[PDB]
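Student: Residue numbers (the entry's author numbering), protein chains in the order written: chain A, 1 to 158; chain B, 1 to 315; chain C, 197 to 245; chain D, 197 to 245; chain E, 33 to 68; chain F, 50 to 147; chain G, 4 to 57.
For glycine and all other residues, C-beta sits at the position ideal for the given N, C-alpha and C.
The structure that follows is given in the form of structure tokens.
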Amino acid sequence: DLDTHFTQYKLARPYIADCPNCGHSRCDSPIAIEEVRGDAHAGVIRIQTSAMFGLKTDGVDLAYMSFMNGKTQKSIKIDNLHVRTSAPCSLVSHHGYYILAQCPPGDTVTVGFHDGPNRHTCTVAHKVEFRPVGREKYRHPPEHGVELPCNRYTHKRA
Amino acid sequence: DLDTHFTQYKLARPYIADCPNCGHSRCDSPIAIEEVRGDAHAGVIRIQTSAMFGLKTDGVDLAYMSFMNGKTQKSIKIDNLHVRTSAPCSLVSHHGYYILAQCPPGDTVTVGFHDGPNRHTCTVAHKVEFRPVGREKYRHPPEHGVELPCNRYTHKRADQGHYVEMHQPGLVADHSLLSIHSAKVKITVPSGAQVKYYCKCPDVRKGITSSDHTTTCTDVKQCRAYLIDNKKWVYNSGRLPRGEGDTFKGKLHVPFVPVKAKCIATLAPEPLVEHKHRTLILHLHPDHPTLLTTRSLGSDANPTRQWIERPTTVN
Amino acid sequence: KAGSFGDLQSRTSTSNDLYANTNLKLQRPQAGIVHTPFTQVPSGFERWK
Amino acid sequence: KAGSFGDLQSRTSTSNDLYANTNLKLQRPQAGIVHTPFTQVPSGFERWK
Amino acid sequence: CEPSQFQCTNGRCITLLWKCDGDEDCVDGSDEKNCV
Amino acid sequence: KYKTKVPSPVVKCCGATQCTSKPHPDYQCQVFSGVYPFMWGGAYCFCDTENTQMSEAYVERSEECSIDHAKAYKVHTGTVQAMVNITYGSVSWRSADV
Amino acid sequence: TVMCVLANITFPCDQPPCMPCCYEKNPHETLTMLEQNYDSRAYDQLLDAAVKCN
Ligand SMILES: *[C@@H]1O[C@H](CO)[C@@H](O)[C@H](O)[C@H]1NC(C)=O
Ligand SMILES: *[C@@H]1O[C@H](CO)[C@@H](O)[C@H](O)[C@H]1NC(C)=O
Ligand SMILES: *[C@@H]1O[C@H](CO)[C@@H](O)[C@H](O)[C@H]1NC(C)=O
Ligand SMILES: [Ca+2]
């Protein structure tokens, strides 16, 4: 959990980058999407934020998330870390800057975490495509069928 | 209510079946989607899940919901019971195993219920399509227009005319009821339910023991045990193991049943009709894809039917 | 011509007089609820766009 | 015809014997999960509609 | 399970490399236990 | 529209069960070998390779058949009748079926 | 008058022998009764009388 998987992140800190849409307009958001990288098969996408997920200023607890409310860092319990493309996505995992989420094939990638009163959400225009594997196109991973090789972002942090 | 419909679901119990994806990866989610039946017209669909809605631990109250987190039942308030196809659907009514909602078209169906530290969702790949009634393909039900016969599902729990079969739950696997006591295995009894034990320490040891029994097996791994509870029923899902030849069958009313009602359909704008000698020119400006069918009234029908999406003109 | 380019023709942007041929039929309310249902040819301006 | 109009032919609405030709074929449950996977021709009645 | 693969307390077989990586693969969290 | 009901399979943990065709519409059965299921509790039984599964499915009428269903008819000549209305002289209009 | 079998006790299907609260004297017997009599034409008469408590 900590051997090198997460201890490495004590050096990195969150930052406040410009988000294309804070929800009504352009603002520098504590969670800025960079490099939504969707090339896997099942619709799993890895998105890189400007917030440290799973790091707490003192150390790892893997239910905390740190972000910059100014020049000052602050760590909070993950209240609702949601990813959404056209419908809410399923958060497979999160570590450091990255969160791995299984997403419907949508058209804009949105992330967001609550703080208390405040919403702190960001949205980027990125085409997320569901990439079926095999000779039949299928809008969602079936229950049964035939196992075929595919490329997917592992949820292990190693 | 308290008549046959809800009273009859006292015999049933929730169950844990393999969901295909709760969040990520297969699982054994308490609310497992089975038979999401979308065939009604207006977008109302019905989902048969593995967790009962309306029961509680003793008696029937609509706001509660009963589900199994293990070998033990558990009744909680309906805190956030959401069905989501591509946008959050609207719950119409939940009764027993069944949950009826109104959904926009989409390619998955997911149901989820909280208990406050846990999410307990399940999703399934079912193509649910909004089926318009009439001759105009509209994407959401209109406010006004023309009533038409339309098959829906009832939101009467009322028991009538259809049935599902619920048998005895076969022996359910469990290993938390196996513990290493002293140097050997120990099977614990649930205080009212038999437990059938099979351990191959290297000569086969079997038995259906109703009291706390200790066998002569060294490790927990080589033993397996299955509790038999007969007090309650379960739906004979394809996702539950059945007890070999013990093929006894039961019946249960299904709350939401298809009926014929009136659903509103949209009315296309009145076409602009222009007259010429032996010709009728129709300027049509539909707001949704709309049928236009013409037939002569003479011997030769000359039937011409077509769909109009763009504003067009036909002679 | 009720919905191809001329369906609203105001001489100036702020002219009180106004010409309008949207083919505004007025349907009856149904089922004992209070509303004014109308069918109408969509905007000629939108079609032109 | 295995799914084109007649694939569920019931002599009356409450007959006990009904003819069904849906080419239902079962499949191996895989990966140590318990279920009854099956593939079969889609409903002919829907296609006819 | 396979000799080259770990077996959880609930019989489930996983890869040995997926043990004590912090993430609760097995339902009962058996892989991450006995982690000095 | 049909509905393909799937009875709960059996898992003869060690040994094998064979299956018997039953008078059901488009019934299908197939015994599989070396299943080794896993349930919420454990591995559902011990012997790794010698575990079968019944997996029977049989198709029946959908519940919506009671409401929507295409009816096939053989049509014969039958009869022809009309509603007529007659007025003669001072007698007002009187209508009847014929 | 319809007539249901319970394990070599014939009986009617509008009263069982467990009238006051059938599902609390012996639940197992309730369900073995409602499962032997599965094709009984009067099965809703049986259910409404094997589920009625007081
Ligand atoms: C006759 O139909 C053609 C094809 O749609 C159309 O272009 C033409 O305008 C119609 N005739 C008149 C007089 O509008
Ligand atoms: C024709 O018969 C109808 C049906 O009874 C009647 O109402 C009507 O008055 C008749 N025609 C005329 C012109 O009155
Ligand atoms: C029912 O009673 C008769 C007479 O006592 C007995 O012969 C029969 O075996 C009983 N039924 C069963 C299933 O034992
Ligand atoms: Ca791990």
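1. How many angstroms separate the CA atom of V36 of chain A from the CA atom of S211 of chain B?
2. Under 8 Å between C-beta atoms, does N66 of chain E make it to chain F?
3. Could you check whether the Cβ of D3 of chain A sits closer than 7 Å to any heavy atom belonging to ligand 4?
4. Beta carbon of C89 of chain A, beta carbon of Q102 of chain A: below 8 Å?
5. Closest to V59 of chain E by C-alpha separation, out of E:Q37, E:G43 and E:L48, would be which residue?
6. Compare the C-beta of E136 of chain A against all C-beta atoms of chain D and say whether one is closer than 8 Å.
7. Under DSSP, the alpha helix (DSSP H) around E38 of chain G begins and ends at which residues?
8. Identify the contact partners of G43 of chain E in chain F, using a Cβ-Cβ distance below 8 Å as the criterion.
9. When every heavy atom of ligand 4 is checked, does at least one fall within less than 7 Å of the C-beta of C52 of chain E?
10. Would you mind sorting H167 of chain B into buried or exposed? The rule is 16 or more other CB atoms within 10 Å of its CB.
11. Can the beta-carbon of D75 of chain F be found closer than 8 Å to that of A198 of chain D?
12. For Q37 of chain E, name the three-state secondary structure that DSSP assigns.
13. With contact counted as at least three CB pairs below 8 Å, one residue from each stretch, are the segment 99-112 of chain F and the segment 201-219 of chain D in contact?
14. Along the beta strand (DSSP E) that carries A53 of chain G, what are the first and last residues, could you check?
15. Provide the residue span of the alpha helix (DSSP H) that contains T7 of chain B, from first to last.
16. Given a limit of 9 Å on CB to CB distance, which residues of the segment 38-62 of chain E reach chain A?
17. Determine the burial state of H155 of chain B: buried for a count of at least 16 other Cβ atoms within 10 Å of its Cβ, exposed for fewer.
18. Can a CB atom of chain E be found closer than 8 Å to the CB of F53 of chain A?
19. Would you mind telling me which residues of chain E sit closer than 9 Å to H24 of chain B, beta carbon to beta carbon, in chain order?
20. So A12 of chain B and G96 of chain B are supposed to be a Cβ contact under 8 Å. How far apart are they, rounded?
21. To the nearest angstrom, how far is it from the Cα of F256 of chain B to the Cα of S66 of chain B?
22. My output table needs one value for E112 of chain F: the three-state DSSP class, helix, strand or coil.
23. Tell me whether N57 of chain G, by its Cβ, gets closer than 7 Å to a heavy atom of ligand 3.
24. Say yes only if the C-beta of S144 of chain F is nearer than 7 Å to one or more non-hydrogen atoms of ligand 2, and no if none qualify.
25. Just checking, does the segment 106-115 of chain B make contact with the segment 34-48 of chain B on the three C-beta pairs under 8 Å criterion?
26. Mind pulling the chain A residues with CB within less than 9 Å of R139 of chain B?
27. Would the beta-carbon of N151 of chain B be found less than 7 Å away from any heavy atom of ligand 2?
28. Can you check which of these residues, D:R224, D:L220 and D:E242, is closest to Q236 of chain D by C-alpha distance?
29. Please confirm whether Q226 of chain D has its beta-carbon closer than 8 Å to some beta-carbon of chain A.
30. When we look at the beta-carbon of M52 of chain A and count the other beta-carbons within 10 Å, is it buried (16 or more) or exposed?
31. Suppose you measure from the CA of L291 of chain B to the CA of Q226 of chain C; what does that come to, to the nearest Å?
32. Would you say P269 of chain B reaches chain C, if we count a Cβ-Cβ gap shorter than 8 Å as a contact?
33. Helix, strand or coil for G240 of chain C per DSSP?
34. Assuming contact is defined by CB atoms lying nearer than 8 Å, are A53 of chain G and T35 of chain G in contact in what I supplied?
35. Apart from the five residues just before and just after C19 of chain B, which ones in its own chain have a Cβ nearer than 6 Å to its Cβ?
36. Listed in chain order, which residues of the segment 6-21 of chain B have Cβ atoms closer than 7 Å to some Cβ of chain D?
Tutor: Once the coordinates are examined:
1. Here the question's residue 36 of chain A lines up with position 36 in the first sequence. Here the question's residue 211 of chain B lines up with position 211 in the second sequence. For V36 of chain A and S211 of chain B, the distance between alpha carbons rounds to 58 Å.
2. Within the fifth sequence, residue 66 of chain E is the residue found at index 34, counting from 1. For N66 of chain E, the answer is no, since every Cβ of chain F falls outside 8 Å of its Cβ.
3. Working through the first sequence from its first residue, we reach residue 3 of chain A at position 3. Checking every heavy atom of ligand 4 against the Cβ of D3 of chain A, none is found closer than 7 Å.
4. In the first sequence, the residue the question calls residue 89 of chain A occupies position 89. In the first sequence, the residue the question calls residue 102 of chain A occupies position 102. Yes.
5. On the fifth sequence, residue 59 of chain E is found 27 positions in, with the first residue counted as 1. Nearest of E:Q37, E:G43 and E:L48 to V59 of chain E, Cα basis: E:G43.
6. The count along the first sequence starts at 1 and reaches residue 136 of chain A at position 136. No, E136 of chain A lies away from the interface with chain D (no Cβ there is under 8 Å from its Cβ).
7. The residue you call residue 38 of chain G lines up with position 35 of the seventh sequence. Run containing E38 of chain G: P30 to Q39, per the alpha helix (DSSP H) assignment.
8. Translated into positions along the fifth sequence, residue 43 of chain E becomes position 11. In chain order: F87, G91 and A92.
9. Numbered from 1 along the fifth sequence, position 20 holds the residue referred to as residue 52 of chain E. Yes, the beta carbon of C52 of chain E sits closer than 7 Å to at least one heavy atom of ligand 4.
10. As a first step, residue 167 of chain B must be located in the second sequence, where it is residue number 167. That one is buried.
11. As a working mapping, residue 75 of chain F is identified with position 26 in the sixth sequence. As a working mapping, residue 198 of chain D is identified with position 2 in the fourth sequence. Not a contact, by the Cβ cut-off of 8 Å.
12. Here residue 37 of chain E is taken as the residue at index 5 of the fifth sequence, counted from 1. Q37 of chain E falls in the strand class under three-state DSSP.
13. yes
14. As a working note, residue 53 of chain G is residue 50 in the seventh sequence. Counting along the chain, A53 of chain G falls outside any beta strand (DSSP E), though it belongs to the alpha helix (DSSP H) covering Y46 to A53.
15. Against the second sequence, residue 7 of chain B aligns to sequence position 7. Counting along the chain, the alpha helix (DSSP H) containing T7 of chain B begins and ends at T4 to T7.
16. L49, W50, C52, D53, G54, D55 and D57
17. Translated into the one-based positions of the second sequence, residue 155 of chain B becomes position 155. Exposed.
18. Start at 1 with the first residue of the first sequence, and residue 53 of chain A comes out as number 53. Closer than 8 Å: no.
19. Mapped onto the second sequence, residue 24 of chain B falls at position 24. Here the premise fails: no neighbours, minimum Cβ distance about 11 Å.
20. Here residue 12 of chain B corresponds to residue number 12 of the second sequence, with the count starting at 1. Here residue 96 of chain B corresponds to residue number 96 of the second sequence, with the count starting at 1. Confirmed, Cβ separation roughly 7 Å.
21. Counted from its first residue, the second sequence places residue 256 of chain B at position 256. Counted from its first residue, the second sequence places residue 66 of chain B at position 66. Taking the straight line joining both Cα atoms gives about 19 Å.
22. The residue you call residue 112 of chain F lines up with position 63 of the sixth sequence. It is helical.
23. For the purposes of this step, residue 57 of chain G is identified with residue 54 of the seventh sequence, where counting begins at 1. No, Cβ of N57 of chain G sits at least 7 Å from all heavy atoms of ligand 3.
24. Here residue 144 of chain F is taken as the residue at index 95 of the sixth sequence, counted from 1. It does: the Cβ of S144 of chain F is within 7 Å (strictly closer) of some heavy atom of ligand 2.
25. yes
26. By one-based count along the second sequence, residue 139 of chain B stands at place 139. Going along chain A, no residue has its Cβ under 9 Å from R139 of chain B, so there is no contact; the nearest lies around 16 Å.
27. Here the question's residue 151 of chain B lines up with position 151 in the second sequence. No, Cβ of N151 of chain B sits at least 7 Å from all heavy atoms of ligand 2.
28. To locate residue 236 of chain D, count along the fourth sequence from 1; it is residue 40. Of D:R224, D:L220 and D:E242, the residue nearest in Cα terms is D:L220.
29. Along the fourth sequence, read from residue 1 onward, the residue named residue 226 of chain D stands at position 30. Answer yes: the Cβ-Cβ gap between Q226 of chain D and chain A drops below 8 Å somewhere.
30. As a first step, residue 52 of chain A must be located in the first sequence, where it is residue number 52. Its Cβ being crowded by 16 or more others within 10 Å, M52 of chain A is buried.
31. As a first step, residue 291 of chain B is located in the second sequence; it is residue number 291 there, counting from the start. As a first step, residue 226 of chain C is located in the third sequence; it is residue number 30 there, counting from the start. Going from the Cα of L291 of chain B to the Cα of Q226 of chain C covers about 24 Å.
32. Mapped onto the second sequence, residue 269 of chain B falls at position 269. Yes, its Cβ sits closer than 8 Å to a Cβ of chain C.
33. Here residue 240 of chain C corresponds to residue number 44 of the third sequence, with the count starting at 1. Note: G240 of chain C maps to helix in three-state DSSP.
34. Taking the first residue of the seventh sequence as 1, we reach residue 53 of chain G at position 50. Taking the first residue of the seventh sequence as 1, we reach residue 35 of chain G at position 32. It is not a contact, given that the beta carbons lie outside the stated cut-off.
35. Along the second sequence, read from residue 1 onward, the residue named residue 19 of chain B stands at position 19. Excluding sequence neighbours, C19 of chain B sits near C27, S29, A32 and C122.
36. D18
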